[PDB]
file target_33.json (JSON, C-alpha atoms (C1' of nucleotides))
[["chain", "number", "residue", "atom", "x", "y", "z"],
["A", 1, "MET", "CA", 114.17, 32.10, 92.34],
["A", 2, "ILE", "CA", 114.26, 35.80, 93.14],
["A", 3, "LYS", "CA", 117.73, 36.95, 92.20],
["A", 4, "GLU", "CA", 117.26, 35.20, 88.95],
["A", 5, "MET", "CA", 114.18, 37.30, 88.45],
["A", 6, "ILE", "CA", 115.71, 40.61, 89.47],
["A", 7, "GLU", "CA", 118.47, 40.01, 86.97],
["A", 8, "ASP", "CA", 116.01, 38.90, 84.32],
["A", 9, "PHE", "CA", 114.49, 42.27, 84.85],
["A", 10, "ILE", "CA", 117.81, 44.07, 84.63],
["A", 11, "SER", "CA", 118.91, 42.49, 81.29],
["A", 12, "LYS", "CA", 115.76, 44.20, 79.99],
["A", 13, "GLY", "CA", 114.79, 47.87, 80.43],
["A", 14, "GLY", "CA", 114.58, 47.39, 84.15],
["A", 15, "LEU", "CA", 112.36, 50.00, 85.81],
["A", 16, "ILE", "CA", 110.62, 49.74, 89.19],
["A", 17, "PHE", "CA", 108.28, 52.61, 90.05],
["A", 18, "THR", "CA", 105.54, 53.76, 92.40],
["A", 19, "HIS", "CA", 104.14, 56.50, 90.14],
["A", 20, "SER", "CA", 103.83, 56.69, 86.37],
["A", 21, "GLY", "CA", 102.21, 58.53, 83.52],
["A", 22, "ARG", "CA", 102.01, 55.21, 81.69],
["A", 23, "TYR", "CA", 98.48, 54.73, 83.03],
["A", 24, "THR", "CA", 97.40, 58.10, 81.64],
["A", 25, "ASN", "CA", 98.84, 57.34, 78.20],
["A", 26, "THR", "CA", 100.42, 54.08, 77.07],
["A", 27, "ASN", "CA", 102.66, 55.98, 74.62],
["A", 28, "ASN", "CA", 104.10, 58.08, 77.47],
["A", 29, "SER", "CA", 106.60, 55.79, 79.29],
["A", 30, "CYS", "CA", 107.54, 57.93, 82.30],
["A", 31, "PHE", "CA", 108.27, 55.87, 85.41],
["A", 32, "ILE", "CA", 108.95, 57.37, 88.84],
["A", 33, "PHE", "CA", 109.94, 55.58, 92.06],
["A", 34, "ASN", "CA", 109.18, 57.71, 95.12],
["A", 35, "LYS", "CA", 111.14, 56.66, 98.20],
["A", 36, "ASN", "CA", 109.06, 58.27, 100.95],
["A", 37, "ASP", "CA", 105.81, 56.40, 100.31],
["A", 38, "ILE", "CA", 107.33, 52.90, 100.55],
["A", 39, "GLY", "CA", 105.78, 51.16, 103.52],
["A", 40, "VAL", "CA", 104.85, 47.71, 104.78],
["A", 41, "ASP", "CA", 101.86, 47.26, 102.45],
["A", 42, "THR", "CA", 102.93, 49.55, 99.60],
["A", 43, "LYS", "CA", 102.14, 47.89, 96.28],
["A", 44, "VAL", "CA", 104.87, 48.57, 93.75],
["A", 45, "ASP", "CA", 104.74, 48.52, 89.97],
["A", 46, "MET", "CA", 107.38, 47.62, 87.41],
["A", 47, "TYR", "CA", 107.90, 48.06, 83.67],
["A", 48, "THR", "CA", 109.47, 45.85, 81.01],
["A", 49, "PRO", "CA", 109.22, 46.24, 77.23],
["A", 50, "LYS", "CA", 106.08, 44.21, 76.36],
["A", 51, "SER", "CA", 106.05, 42.97, 80.01],
["A", 52, "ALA", "CA", 108.80, 40.47, 79.25],
["A", 53, "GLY", "CA", 110.27, 38.13, 81.84],
["A", 54, "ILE", "CA", 110.43, 34.44, 82.73],
["A", 55, "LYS", "CA", 108.00, 32.73, 85.09],
["A", 56, "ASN", "CA", 108.74, 30.50, 88.06],
["A", 57, "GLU", "CA", 107.60, 26.92, 88.69],
["A", 58, "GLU", "CA", 104.24, 28.25, 89.95],
["A", 59, "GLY", "CA", 103.76, 30.29, 86.78],
["B", 1, "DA", "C1'", 16.25, 96.34, 94.64],
["B", 2, "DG", "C1'", 18.59, 93.89, 99.05],
["B", 3, "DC", "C1'", 16.74, 91.29, 102.97],
["B", 4, "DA", "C1'", 17.00, 84.23, 104.12],
["B", 5, "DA", "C1'", 18.53, 83.96, 112.22],
["B", 6, "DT", "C1'", 20.55, 81.78, 116.08],
["B", 7, "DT", "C1'", 22.58, 76.59, 119.75],
["B", 8, "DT", "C1'", 22.44, 71.41, 120.02],
["B", 9, "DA", "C1'", 23.96, 67.05, 119.12],
["B", 10, "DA", "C1'", 25.48, 63.16, 114.94],
["B", 11, "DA", "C1'", 25.98, 55.45, 118.36],
["B", 12, "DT", "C1'", 28.10, 52.57, 121.29],
["B", 13, "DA", "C1'", 30.01, 46.53, 119.41],
["B", 14, "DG", "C1'", 31.03, 42.23, 116.95],
["B", 15, "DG", "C1'", 33.17, 39.98, 113.03],
["B", 16, "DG", "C1'", 36.35, 40.72, 108.86],
["B", 17, "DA", "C1'", 37.50, 32.43, 107.02],
["B", 18, "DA", "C1'", 41.23, 29.31, 105.63],
["B", 19, "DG", "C1'", 43.23, 25.49, 101.49],
["B", 20, "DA", "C1'", 45.23, 24.60, 96.87],
["B", 21, "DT", "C1'", 48.66, 25.96, 93.42],
["B", 22, "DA", "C1'", 52.32, 30.14, 91.24],
["B", 23, "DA", "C1'", 55.64, 25.52, 84.45],
["B", 24, "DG", "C1'", 58.97, 23.60, 82.08],
["B", 25, "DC", "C1'", 62.04, 25.03, 77.22],
["B", 26, "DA", "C1'", 66.04, 27.97, 74.55],
["B", 27, "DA", "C1'", 68.56, 31.76, 73.06],
["B", 28, "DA", "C1'", 72.04, 35.91, 75.64],
["B", 29, "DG", "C1'", 77.70, 36.41, 69.41],
["B", 30, "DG", "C1'", 82.03, 38.84, 68.10],
["B", 31, "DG", "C1'", 83.82, 42.45, 64.68],
["B", 32, "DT", "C1'", 88.21, 47.60, 65.92],
["B", 33, "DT", "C1'", 90.55, 50.33, 69.46],
["B", 34, "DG", "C1'", 99.60, 47.73, 70.16],
["B", 35, "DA", "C1'", 103.79, 50.01, 72.07],
["B", 36, "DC", "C1'", 108.42, 49.15, 71.84],
["B", 37, "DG", "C1'", 112.06, 46.33, 69.18],
["B", 38, "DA", "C1'", 113.94, 45.04, 65.06],
["B", 39, "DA", "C1'", 115.15, 44.57, 60.08],
["B", 40, "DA", "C1'", 115.39, 47.61, 56.23],
["B", 41, "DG", "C1'", 114.95, 50.84, 52.14],
["B", 42, "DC", "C1'", 115.63, 56.10, 51.91],
["B", 43, "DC", "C1'", 117.04, 60.91, 52.01]]

call {"tool": "encode", "arguments": {"input": "target_33.json", "output": "structure tokens"}}
result
Amino acid sequence: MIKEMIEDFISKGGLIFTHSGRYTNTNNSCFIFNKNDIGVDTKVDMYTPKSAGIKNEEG
DNA sequence: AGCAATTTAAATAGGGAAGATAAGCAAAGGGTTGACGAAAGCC
């Protein structure tokens, strides 16, 4: 399910971003979602504390 | 005690043999490098 997942994300810290300083330093935790660069094939990153979240039937 | 000459021509061709093989092993490791969240003493 997808809504189940979006809400699983929201019960947690719940950040979706296209740019971050988390890659520069893992202790940083700055997450930035730019709106202008979202396109058809724009890959999009997300953050959860310790990457938590349930999986689907396909894992 | 330096003086030692000039031109001219330097071979055309025919051949550079194929047949064989070119190992099989067994190794090639992991040891550290984790940030948030949550109890839990402690100024």

call {"tool": "closest_residue", "arguments": {"input": "target_33.json", "among": "A:29, A:4, A:18, A:38", "to": "residue 50 in chain A", "atoms": "all atoms listed in the file"}}
result
A:29

call {"tool": "interface_residues", "arguments": {"input": "target_33.json", "of": "chain B", "to": "chain A", "cutoff": "9 Å", "atoms": "all atoms listed in the file", "output": "PDB file with C-alpha atoms (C1' of nucleotides), keeping the file's coordinate frame"}}
result
ATOM      1  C1'  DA B  35     103.790  50.010  72.070  1.00  0.00           C
ATOM      2  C1'  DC B  36     108.420  49.150  71.840  1.00  0.00           C
ATOM      3  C1'  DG B  37     112.060  46.330  69.180  1.00  0.00           C
TER       4       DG B  37
END

call {"tool": "atom_distance", "arguments": {"input": "target_33.json", "atom1": "CA of residue 53 in chain A", "atom2": "CA of residue 22 in chain A"}}
result
19.0 Å

call {"tool": "closest_residue", "arguments": {"input": "target_33.json", "among": "A:15, A:1, A:8, A:34", "to": "residue 47 in chain A", "atoms": "only C-alpha atoms"}}
result
A:15

call {"tool": "atom_distance", "arguments": {"input": "target_33.json", "atom1": "CA of residue 25 in chain A", "atom2": "CA of residue 42 in chain A"}}
result
23.1 Å

call {"tool": "build_atoms", "arguments": {"input": "target_33.json", "residues": "range 8-44 of chain A", "atoms": "N, CA and C atoms", "output": "PDB file, in the frame of the given file"}}
result
ATOM      1  N   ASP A   8     116.735  39.067  85.574  1.00  0.00           N
ATOM      2  CA  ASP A   8     116.010  38.900  84.320  1.00  0.00           C
ATOM      3  C   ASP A   8     115.479  40.260  84.009  1.00  0.00           C
ATOM      4  N   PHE A   9     114.986  40.939  85.029  1.00  0.00           N
ATOM      5  CA  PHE A   9     114.490  42.270  84.850  1.00  0.00           C
ATOM      6  C   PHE A   9     115.566  43.232  84.396  1.00  0.00           C
ATOM      7  N   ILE A  10     116.763  43.108  84.943  1.00  0.00           N
ATOM      8  CA  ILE A  10     117.810  44.070  84.630  1.00  0.00           C
ATOM      9  C   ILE A  10     118.392  43.902  83.214  1.00  0.00           C
ATOM     10  N   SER A  11     118.530  42.687  82.690  1.00  0.00           N
ATOM     11  CA  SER A  11     118.910  42.490  81.290  1.00  0.00           C
ATOM     12  C   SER A  11     117.978  43.222  80.338  1.00  0.00           C
ATOM     13  N   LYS A  12     116.735  43.425  80.742  1.00  0.00           N
ATOM     14  CA  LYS A  12     115.760  44.200  79.990  1.00  0.00           C
ATOM     15  C   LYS A  12     115.809  45.652  80.474  1.00  0.00           C
ATOM     16  N   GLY A  13     114.770  46.437  80.153  1.00  0.00           N
ATOM     17  CA  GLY A  13     114.790  47.870  80.430  1.00  0.00           C
ATOM     18  C   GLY A  13     114.905  48.207  81.902  1.00  0.00           C
ATOM     19  N   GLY A  14     114.224  47.444  82.747  1.00  0.00           N
ATOM     20  CA  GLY A  14     114.580  47.390  84.150  1.00  0.00           C
ATOM     21  C   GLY A  14     114.154  48.529  85.049  1.00  0.00           C
ATOM     22  N   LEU A  15     112.863  48.854  85.059  1.00  0.00           N
ATOM     23  CA  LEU A  15     112.360  50.000  85.810  1.00  0.00           C
ATOM     24  C   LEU A  15     111.344  49.537  86.844  1.00  0.00           C
ATOM     25  N   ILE A  16     111.545  49.964  88.086  1.00  0.00           N
ATOM     26  CA  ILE A  16     110.620  49.740  89.190  1.00  0.00           C
ATOM     27  C   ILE A  16     110.156  51.104  89.681  1.00  0.00           C
ATOM     28  N   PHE A  17     108.842  51.290  89.802  1.00  0.00           N
ATOM     29  CA  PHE A  17     108.280  52.610  90.050  1.00  0.00           C
ATOM     30  C   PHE A  17     107.045  52.509  90.934  1.00  0.00           C
ATOM     31  N   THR A  18     106.757  53.615  91.619  1.00  0.00           N
ATOM     32  CA  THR A  18     105.540  53.760  92.400  1.00  0.00           C
ATOM     33  C   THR A  18     104.556  54.740  91.792  1.00  0.00           C
ATOM     34  N   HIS A  19     105.001  55.569  90.853  1.00  0.00           N
ATOM     35  CA  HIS A  19     104.140  56.500  90.140  1.00  0.00           C
ATOM     36  C   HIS A  19     104.530  56.493  88.676  1.00  0.00           C
ATOM     37  N   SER A  20     103.544  56.654  87.797  1.00  0.00           N
ATOM     38  CA  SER A  20     103.830  56.690  86.370  1.00  0.00           C
ATOM     39  C   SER A  20     102.737  57.411  85.610  1.00  0.00           C
ATOM     40  N   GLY A  21     103.128  58.037  84.508  1.00  0.00           N
ATOM     41  CA  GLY A  21     102.210  58.530  83.520  1.00  0.00           C
ATOM     42  C   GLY A  21     101.857  57.520  82.459  1.00  0.00           C
ATOM     43  N   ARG A  22     102.327  56.281  82.621  1.00  0.00           N
ATOM     44  CA  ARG A  22     102.010  55.210  81.690  1.00  0.00           C
ATOM     45  C   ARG A  22     100.532  54.841  81.745  1.00  0.00           C
ATOM     46  N   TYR A  23      99.906  55.000  82.910  1.00  0.00           N
ATOM     47  CA  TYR A  23      98.480  54.730  83.030  1.00  0.00           C
ATOM     48  C   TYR A  23      97.646  55.789  82.329  1.00  0.00           C
ATOM     49  N   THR A  24      98.116  57.038  82.328  1.00  0.00           N
ATOM     50  CA  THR A  24      97.400  58.100  81.640  1.00  0.00           C
ATOM     51  C   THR A  24      97.463  57.912  80.128  1.00  0.00           C
ATOM     52  N   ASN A  25      98.644  57.587  79.614  1.00  0.00           N
ATOM     53  CA  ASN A  25      98.840  57.340  78.200  1.00  0.00           C
ATOM     54  C   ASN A  25      99.850  56.216  78.053  1.00  0.00           C
ATOM     55  N   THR A  26      99.524  55.221  77.232  1.00  0.00           N
ATOM     56  CA  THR A  26     100.420  54.080  77.070  1.00  0.00           C
ATOM     57  C   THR A  26     101.634  54.444  76.224  1.00  0.00           C
ATOM     58  N   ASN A  27     101.531  55.491  75.406  1.00  0.00           N
ATOM     59  CA  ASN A  27     102.660  55.980  74.620  1.00  0.00           C
ATOM     60  C   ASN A  27     103.622  56.836  75.430  1.00  0.00           C
ATOM     61  N   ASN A  28     103.326  57.109  76.700  1.00  0.00           N
ATOM     62  CA  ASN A  28     104.100  58.080  77.470  1.00  0.00           C
ATOM     63  C   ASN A  28     105.448  57.514  77.902  1.00  0.00           C
ATOM     64  N   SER A  29     105.423  56.451  78.713  1.00  0.00           N
ATOM     65  CA  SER A  29     106.600  55.790  79.290  1.00  0.00           C
ATOM     66  C   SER A  29     107.440  56.758  80.141  1.00  0.00           C
ATOM     67  N   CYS A  30     106.832  57.237  81.225  1.00  0.00           N
ATOM     68  CA  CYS A  30     107.540  57.930  82.300  1.00  0.00           C
ATOM     69  C   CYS A  30     107.291  57.172  83.592  1.00  0.00           C
ATOM     70  N   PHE A  31     108.365  56.761  84.260  1.00  0.00           N
ATOM     71  CA  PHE A  31     108.270  55.870  85.410  1.00  0.00           C
ATOM     72  C   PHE A  31     109.070  56.447  86.565  1.00  0.00           C
ATOM     73  N   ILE A  32     108.410  56.623  87.707  1.00  0.00           N
ATOM     74  CA  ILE A  32     108.950  57.370  88.840  1.00  0.00           C
ATOM     75  C   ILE A  32     108.809  56.537  90.104  1.00  0.00           C
ATOM     76  N   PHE A  33     109.928  56.310  90.791  1.00  0.00           N
ATOM     77  CA  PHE A  33     109.940  55.580  92.060  1.00  0.00           C
ATOM     78  C   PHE A  33     110.145  56.583  93.187  1.00  0.00           C
ATOM     79  N   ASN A  34     109.084  56.844  93.945  1.00  0.00           N
ATOM     80  CA  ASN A  34     109.180  57.710  95.120  1.00  0.00           C
ATOM     81  C   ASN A  34     109.633  56.875  96.308  1.00  0.00           C
ATOM     82  N   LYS A  35     110.567  57.416  97.089  1.00  0.00           N
ATOM     83  CA  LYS A  35     111.140  56.660  98.200  1.00  0.00           C
ATOM     84  C   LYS A  35     110.344  56.820  99.482  1.00  0.00           C
ATOM     85  N   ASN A  36     109.673  57.961  99.662  1.00  0.00           N
ATOM     86  CA  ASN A  36     109.060  58.270 100.950  1.00  0.00           C
ATOM     87  C   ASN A  36     107.803  57.463 101.204  1.00  0.00           C
ATOM     88  N   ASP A  37     107.090  57.080 100.152  1.00  0.00           N
ATOM     89  CA  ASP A  37     105.810  56.400 100.310  1.00  0.00           C
ATOM     90  C   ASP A  37     105.954  54.883 100.410  1.00  0.00           C
ATOM     91  N   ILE A  38     107.174  54.351 100.455  1.00  0.00           N
ATOM     92  CA  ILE A  38     107.330  52.900 100.550  1.00  0.00           C
ATOM     93  C   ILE A  38     107.071  52.493 101.987  1.00  0.00           C
ATOM     94  N   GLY A  39     106.079  51.634 102.189  1.00  0.00           N
ATOM     95  CA  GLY A  39     105.780  51.160 103.520  1.00  0.00           C
ATOM     96  C   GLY A  39     105.694  49.650 103.587  1.00  0.00           C
ATOM     97  N   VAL A  40     104.990  49.148 104.601  1.00  0.00           N
ATOM     98  CA  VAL A  40     104.850  47.710 104.780  1.00  0.00           C
ATOM     99  C   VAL A  40     103.962  47.119 103.688  1.00  0.00           C
ATOM    100  N   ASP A  41     102.824  47.756 103.420  1.00  0.00           N
ATOM    101  CA  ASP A  41     101.860  47.260 102.450  1.00  0.00           C
ATOM    102  C   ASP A  41     101.774  48.144 101.212  1.00  0.00           C
ATOM    103  N   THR A  42     102.902  48.704 100.784  1.00  0.00           N
ATOM    104  CA  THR A  42     102.930  49.550  99.600  1.00  0.00           C
ATOM    105  C   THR A  42     103.087  48.664  98.367  1.00  0.00           C
ATOM    106  N   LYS A  43     102.043  48.592  97.548  1.00  0.00           N
ATOM    107  CA  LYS A  43     102.140  47.890  96.280  1.00  0.00           C
ATOM    108  C   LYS A  43     103.019  48.684  95.318  1.00  0.00           C
ATOM    109  N   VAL A  44     103.810  47.962  94.535  1.00  0.00           N
ATOM    110  CA  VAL A  44     104.870  48.570  93.750  1.00  0.00           C
ATOM    111  C   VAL A  44     104.806  48.021  92.334  1.00  0.00           C
TER     112      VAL A  44
END
